[PDB]
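Participant: The structure follows.
So basically every Cβ, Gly included, is an ideal-geometry build from the backbone, and we count neighbours across all protein chains shown. Every read-out reported here was derived from the displayed coordinates using simple, explicitly stated rules and does not represent laboratory data.
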């Protein structure tokens, strides 16, 4: 019951409601129907302050949904540079793979987030990492036409 | 976007190389027809 209210508080960005639910002992790793925990919703919508409150109360930074996607995949794919730094600081897996072999580096490369790619690579992202189709982060840059990104990937 | 249209895969060659739409055509945003050209007092303008 309390974990369901925490999922809606983290999605709507209600920073005050999250801390009240945490005091009542809500489940920090409560997943919905698709396997998304409150940390997945905070990283998807872009609530940096909620990501910090969740991780402080011992939330799983490497939590995965019904398709192996982690909160770091959602923060890199949707251009949340501040959230990627906070997640990687709390011990997130920079080489995390979903059910398709897609890493957060692949998601940041396809959307042209040059700032996130730099942060991910600084934390030890695998440049030669391949998905189920054998495509690396460099293969995405040359196909999309991003000359600035292909420069960073050598 | 034009970038998404440019990376449309037409064919894959025997050597593994890919032939994209941008390799055989110029991709750009341009009017449906280039027939009408209006000018207000000599300066480029549109109208209704």
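Participant: Need the failing condition index for residue A:103 against (1) more than 28 Å from residue A:12 (Cβ to Cβ); (2) out of contact with any helix residue (DSSP H, G or I) (no Cβ under 6 Å at 6 or more places or on another chain); (3) surrounded by fewer than 22 Cβ atoms within 10 Å (Cβ to Cβ), just the number.
Facilitator: All conditions pass for residue A:103, except number (3).
Participant: Taking residue A:74 as meeting all but one of (1) outside any loop (DSSP other than H, G, I, E, B); (2) within 14 Å of another protein chain (Cβ to nearest Cβ), write down the number of the exception.
Facilitator: So the condition that residue A:74 fails would be (2).
Participant: While we're here: Return the residues of segment B:18-28 that are without any contact (Cβ under 8 Å) to a residue 24 or more places away in the chain and either within 16 Å of the chain's Cα centre (by Cα) or away from every other protein chain (no Cβ under 14 Å) (or both); say none if nothing qualifies. Can you show your working first?
Facilitator: Restricting attention to segment B:18-28, the residues satisfying the condition of being without any contact (Cβ under 8 Å) to a residue 24 or more places away in the chain are B:18-26.
Listed by number, the residues that qualify are B:20, B:21, B:22, B:23, B:24, B:25, B:26.
Participant: Quick one: would you say residue A:120 is buried (at least 19 other Cβ atoms within 10 Å of the Cβ) and more than 14 Å from every other protein chain (Cβ to nearest Cβ)?
Facilitator: yes
Participant: Between residues in segment B:1-17 that are away from chain A (no Cβ under 11 Å) and residues that are in a strand (DSSP E or B), which pairs lie under 6 Å by C-beta distance while being six or more apart or on different chains?
Facilitator: B:10/B:19; B:11/B:19; B:12/B:18
Participant: Looking at this structure, is residue B:48 away from every other protein chain (no Cβ under 14 Å), part of a loop (DSSP other than H, G, I, E, B), at negative phi and touching a residue at least 12 places away in the same chain (Cβ under 8 Å)?
Facilitator: Values: away from every other protein chain (no Cβ under 14 Å): yes; part of a loop (DSSP other than H, G, I, E, B): yes; at negative phi: yes; touching a residue at least 12 places away in the same chain (Cβ under 8 Å): no.
Criteria not met by residue B:48.
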